[PDB]
Structures are given as structure tokens and as C-alpha cells.
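J.: Take a look at this one; I'll ask things after.
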Amino acid sequence: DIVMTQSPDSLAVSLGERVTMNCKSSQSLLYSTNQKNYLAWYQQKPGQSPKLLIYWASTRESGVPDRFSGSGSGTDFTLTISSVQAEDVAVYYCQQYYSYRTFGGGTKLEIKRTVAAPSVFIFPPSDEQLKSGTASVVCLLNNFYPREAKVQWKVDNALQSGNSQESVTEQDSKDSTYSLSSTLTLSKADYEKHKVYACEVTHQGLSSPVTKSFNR
Amino acid sequence: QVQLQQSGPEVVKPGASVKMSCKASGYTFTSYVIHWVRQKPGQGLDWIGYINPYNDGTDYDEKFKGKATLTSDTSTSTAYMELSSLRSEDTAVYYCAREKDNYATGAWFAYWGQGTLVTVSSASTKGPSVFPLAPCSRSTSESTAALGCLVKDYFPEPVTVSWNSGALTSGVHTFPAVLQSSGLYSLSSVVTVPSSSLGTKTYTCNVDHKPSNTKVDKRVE
Amino acid sequence: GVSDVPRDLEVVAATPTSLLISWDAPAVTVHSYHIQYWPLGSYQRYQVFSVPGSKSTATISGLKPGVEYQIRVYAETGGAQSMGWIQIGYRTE
Amino acid sequence: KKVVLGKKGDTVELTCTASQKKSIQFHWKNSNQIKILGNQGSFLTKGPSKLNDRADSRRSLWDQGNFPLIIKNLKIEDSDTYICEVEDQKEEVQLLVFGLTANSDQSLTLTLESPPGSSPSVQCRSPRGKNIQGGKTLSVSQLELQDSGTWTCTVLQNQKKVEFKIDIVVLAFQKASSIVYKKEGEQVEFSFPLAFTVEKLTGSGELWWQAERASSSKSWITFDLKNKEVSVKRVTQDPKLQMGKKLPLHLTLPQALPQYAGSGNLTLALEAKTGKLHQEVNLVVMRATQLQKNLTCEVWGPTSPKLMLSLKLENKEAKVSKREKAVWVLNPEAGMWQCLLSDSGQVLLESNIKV
Ligand SMILES: *[C@@H]1O[C@H](CO)[C@@H](O)[C@H](O)[C@H]1NC(C)=O
């Protein structure tokens, strides 16, 4: 087959800045007769299927906006986003159709924003879950830009390890921010035993580490 | 309006084969070539094969020369692909696509299907319990408040969640699921509203699980 | 791996009685190229001639017009590779 | 607009015509808008394209209003979209050229030469009728001497197809074996095509055979080969063998009989290289016939144990089937029954009988 290689692994670009994303092919994709490159570019926003962007390496699809433009010929091709909008957070792929149909590894385009702290909240376990026998304690971090966040669970001023399960989104399309969900799961009997629960947080935006506590 | 609609998610024993479908509508089904792409969770697209609906012409990539089998039902205007002797690695999402035009004029994948998630596993499918996530009390000094649903002990992925019949879409964050130690995924969904607005509107989240055929709307306030 | 097969065989130009073929040499040094041509189906009526390993083309005279033919070119290396071949077909005017 | 597929090296004509049945100015240009050819009054002006040598037109049809473009000795790189341009409107015709070529690394390989961006599927039928389907490349892994005729590969892109025909020749004394399955009474044919290197060379040979009884190995005939001339040294009376005087090593058995069955070795040596060349040959014979009210079907010779015999009416299903060497039915239902010795996928021998 024709080995496609995409650089970089992932890309961080600031707002309004210019994006360059490269796709190099094993052998040439240029057809000597009709002078057409048999290469295409695709966008995949999270949770969706891929979307056609550029065909023939020089032409874009009708839906595509004007800022995207395809460049290159032969074996070295490049996608250029004129001005990165906040909504272009996606992973972009390149494909050849000269022989068979091979794709690339992908370039994740992430936007680099001003630093912003999280707005943190804690939930107690619902009464309905407690009647079943399981206590789950979720701690939320919303719209924090620096993906680095420290979350620790303290139960009556005692660090908890091994029982927290955490989940993070991808970069929001509206403002280019993240969100986290740390979930503490335990049984009802062990939940009843202790009186005070709190998730302590650290972030580059928080000058002092912050905590939110509740009492059963 | 050319549509491509695939099967829903499935569970398949190891070693067993999974036959999945892709239904086309909006064009002459025997006039364009159909392609199949595999994408593993958070990984690149892997091309599999291409079928000509006219005579069921077949060509595959070497990686899938044994596994992949492409057939098409011309009357129902549907394309199928089945993988044989499924392995743990083979758990992935598979897409069906179409060439823009015929006879080498348009060979790029322009029209796409939604995707089919095949969870290669021997475990049993199980229904998700939906719990409400609400603040301890409405004494918050700060205007923003947090509401959410807690979808726990569901298998296999995917589960889709929408708020107020899909009406509420500002400040909503549905988190990717996590595998509980028990062995069932547990997903958390939240949404932001102002403190002043609790009790004004009623908030309800819609959980929909396809392998179980379960839809449970949970009132959260 | 380390194959000994002539490659990219084609017919450059033809007349109703003659073909002129060209082929691309393999990796190894080749002592001579053997051009074998017969009418489609009937192998029994083949005629074969040899050209030196440095020559890239050969003319084929004495052909009947409007006839499907089969053309086969071997390459023999003197070292002890083997007799490899590439084969195409063609039709005279 | 139009779509034309072509054979590599063949000649195709692209039809363009105009409304006015007169000689008027026109030209042809390919996908890249490059002049292919034009007319200046009576004269024909040549275009600057790399298709200059092969592309041409016929001036006979210019008065009648046809303006064809002729391309001879098609190449895959010729496959492209072409445009006929009269000053008023343009007619567009898309051309794809395929080709088929055969490589050899006993075993054979076929490669389908394809234009860029195509999505073709290729099925291929043997002379005996075996179908081998594949994508851009096909591989003929295992070949027997019998299946050595003219093969036919039909290539399909979307809705348009093109037919290729190519010969396959299997060498005898290579590792490929020979086998023939015949119903009782038929004449038996064995062919041992010789390699072109040794065909002129001279040697001597003979054929050993074994029958239903393993007591003796008969050693049917001894023969001598000088120049391209085959002469016989000795023949057994029992099979009335015919050895072709002509160079293609041809051997014929007058009629197939059960006693004339079993494995055999054919050995050819040569005074030149003095290295014994061998070749393995099998004959399997079926007898399916009805004696009074009994119906019996037996098979003789060296058959792999895996294959199975069956007796069946062509309307219904198999009335009896075993993997053994003999099958018998008593008082069978009225109809045209059939006896089959077959492997899992195809039927090696079928005999049709009337009860
Ligand atoms: C038919 O002939 C075969 C020959 O061996 C014999 O085995 C079988 O028993 C016969 N069946 C009859 C006479 O019904």
C-alpha cells in the first residue's frame, strides 16, 4: 500500500492564528495525464463522522467556508486554515485515491486560549441511589482552560485513593475550554459512617487551592 | 438529500461473526461504489474494502483480506459487511461511505454514514439506571448552579443523553463514560443554569440506550 | 525477493503483420531475453527467438492480421535465479 | 457525458458530431485543456499533447458532420476525460483504459493495470469453468495439468465491463501433478507439455502404472525423443496406447476401463544433463449402471479419502451418500438418477442414469 504520514501528532494554535497541517505520501499522487493530485482532506469534529473538506487537493466542497485552502503537489501536501475560529477544534485526516484508498494518522487541532479557572461544584448522592445501596459522589469542574487540574477527595479530612474515577471532555467548540468529572463511588454502609465530604481542587487559575464540602 | 444509515450498536461473542448493515437512500444504489472504514476508539481511520453494488464486485485491503466480507441486497438497496472470528482488538466503530461520482471522476468519500459501534465482548448487555444529580440546597451565594444526571452500570457503550427533549443545548456537558471496577460503564451528565431559575423551569434529561432499548427520562430539580 | 522477472512489457507500435515490443529489465544482470509468441489458445504453434541481455526491444515479423496473439518474454541469468517471464496479449490490425 | 472503457493497446474511436452537416472549424482538448488536434480549413493541425503519435482523426467523415477522435495502441495513461469543441458547444467523453498482464514468481500471478482513482472488481473463469474472483491482483496458487486452456477474465468498473483472454500453460515435469477422471468407456487423454528450453533437446523415457491390483507395476511404454521427433521403443498389448509422433508429448488411451486405473510415474531422462525427471499422473474411473432392478455405482483408482460418493435424483435430495469407494441402491424410485464423486466444493465426477 501507499503509506500516508501526517505531522504533527497534535497541534496547539492560538485564536485568529494561521494553521499548517502536513500530509506526506509514500509515493506520488500526481497523475501525469490530467495534472490532478489524487488527494483529499477531511475534518472530524468530536462525536461526529468525518466531513469532506478538499478534493483534488486544490478544491473545496460547497459547504466548506473560504478560510480553508489546500496546497501542495506530488508527495508533500498541506492544509491551511486562514484564521482559526474557536469552532475548528477537530482532528483532520488526509486520504489518497490514486490506488486503493489510504488515510493518515491524524492531526488534532487544539486552540490555545487565555488561562481561566474552574467553577467547581459538588453533588451529594441522590436518595434514589442510596435506597439501592451504593453511594456515588461526583465533583464537577467547568470551563477551565488549562487541561492540568488536580482533584483530591477528603472524607472527614482524609485523602481517598483507589476509589475515584475521573472523566474529561475535549475542547469546547464555543469558547475552547474543558470540563472534568471526578466520581467517588462507595457502599451505603461505608458512606453513612463518615460525616463530612469534600473535593479539594488545584488549578493554574486558582491562586489558592479551593474546596467544596457537604455534610450528610 | 442522500442518506446513509447504518445499524445500531451490538454485542458479539468472541470468535462469533458480526454482520452489520448500511442502508442507502437518495440515489441509484447500483451506480456508485461503497466503502467501509474501521475506526478504533480515539484512533485513526483504517480502510477495509469496497463493493460495487451492480455485480457485488469485491476488493479488500490486505489487513482485512480474511475478516471482511461485503455483500449488497439490490432490492432493499442495502450494503452489508461482516467480520469473522471477532477478537478483543476488533472492538471499534465502522463507517460506510460512497464515492462522489462514478468512473474515477469522483473517488473521494463524500457522503458518510453515522457509524456502528461493535463491542466485542462476552458479557451481558445491561440496562442503565439513571440517578439525578442536584445541589444539596439552593443556598448558593454565586449565581451559577449545577444540575445533572448520573447514568451508572450500563453496558455496552454507547448511550446518548439530551436535556428537555433535546431543547436545552447551552452550557451542557455530557462526559465520556468510565468503566466501573464492577465491569460496567458509568457516565455523568450535567448542565448549568442560574440560581434564580431553579423551580421556574422543570429540568429533565433523556437517556437512550440502544442495545437495551431503554429510554428513561429523569426529572431533576 | 531478489526476483528475476522482466517487467513493464508492452507493445510500442504495430502493423497488421508485425509487432514491436519493449520491456523493462529486472534487477539482476541478464544474459539474454527470450521472446516467445503464439496465437491465443494454440500453444503448439509458437515461435521463439533470442536477443542479447543488453537489448531492450525486439521486432516480431510474419504475423497474420486481425489475430489475437500471446507474447511471453523470459530472462535467463547465468549464475546458479531461474527462467522468469512476463506475459501479455495483443491483436494485429 | 459519455463513458468508454478500453483494452490496453487496442484502438477506440470517440464519436463527436455537429448539427450542421458541413465542414466547419473544430478542435479537441483533453482534461487539462490541451489542444489534441484542430482543423484549419481543409488542413488538419496537430496538437502539442504527448498523445501526438497515437491520436488521429479520419478526414473522410468531416463532410458528413462526424468528427471522430481515434486512439490506437491504448495505454493506461491515456485514460482521461476528453472534450470535442466546436465553437458553439462542447461534447465531453470520459475514457478509462485497463490492461491485464501475467507475472511468474506450478504457480502464476495476474496483475490488472488500472487507471488512477478507479474502483474495479475482477472475476475470472477457468477453461473447465472454475471461477477465480479478485481485486486488482489475482494469484493462481495451485495448477493441475488438465486446467491449462485459454482462461477468460472479465473486468468490471461500476456498470461497464471489458473482457480479457489469456493462455495458461502448465509444465509437466514441474511439481504440478496430472489427474483425469473418466466415466467407463471414454477415451483417455494425457498431455505433458515440455518447457521451451528442453523441447529441442533429446532424451528417452517411459511410463510406469499401477492398476486396481497392486501385485504388479505394468510399465506401459518406453519411448525415445530425438530432435523434435517422438518414436516408440516398446508398448504393452494390454492398453492400446497411442503415442503422438508429433512433438507435444501426447498419450491417448483408447477407452477408459476400471482395470486401467491407479497412480503412475512418467520418467524422462536426457543424454545432455543426465538428471532423472519425473511426473505424477493419476486416472480415476467411474462405473454407474443398473443391472436388472439393482443400481450400482463404483469408483476405482487413487482418490483422496476426503471426497464423497452420492446417489441422487435431480428433482429431490441425495437418496444415499457415503465417503467410501462403492455405492448401491436397490429398487430405486423411477426417474433419472445420478452418481457423484465430489469434494466439498465442486463435483469431480457425475454420471447420469435412467431407472
Ligand atoms: C447391487 O450390486 C452391488 C455390486 O457390488 C451389490 O453390492 C449390491 O448389494 C447390489 N444390490 C442389490 C442386488 O440390490
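Going by Swiss-Prot, the residues shown for chain D are 26-130, 137-386, listed in order.
Cβ coordinates are placed from backbone N, Cα and C, and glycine is handled just like the others.
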J.: Name the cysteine that pairs with D:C328 in a disulphide bond per Swiss-Prot, restricting the answer to D:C184, D:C370.
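T.: Disulfide pairing in Swiss-Prot: D:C328 with D:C370.
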J.: In angstrom units, rounded to an integer, how far apart are the Cα atoms of D:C41 (disulfide bond) and D:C328 (disulfide bond)?
T.: 65
J.: What are the DSSP helix/strand/coil residue counts across the domain 'Ig-like V-type' (D:26-125)?
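T.: Summed by class, the stretch gives 6 helix, 49 strand, 45 coil.
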J.: Taking only the Cα atoms, work out how far D:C370 (disulfide bond) lies from D:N296 (N-linked glycosylation site), in Å, as a whole number.
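T.: Between the alpha carbons of D:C370 (disulfide bond) and D:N296 (N-linked glycosylation site) there are 29 Å.
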J.: Do me a favour and check the Cα-Cα span between D:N325 (N-linked glycosylation site) and D:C109 (disulfide bond); whole Å is fine.
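T.: Here the two Cα atoms lie 75 Å apart.
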J.: Which residues does D:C155 (disulfide bond) neighbour through Cβ under 8 Å, counting only same-chain ones at least six apart?
T.: D:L141, D:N162, D:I163, D:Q164, D:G165, D:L169, D:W182, D:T183, D:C184, D:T185
J.: Note the 6 unmodelled residues between D:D130 and D:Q137, then tell me the distance between their CA atoms, whole Å.
T.: 10
J.: Can you see whether DSSP assigns D:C155 (disulfide bond) to helix, strand or coil?
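T.: DSSP assigns D:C155 (disulfide bond) to strand.
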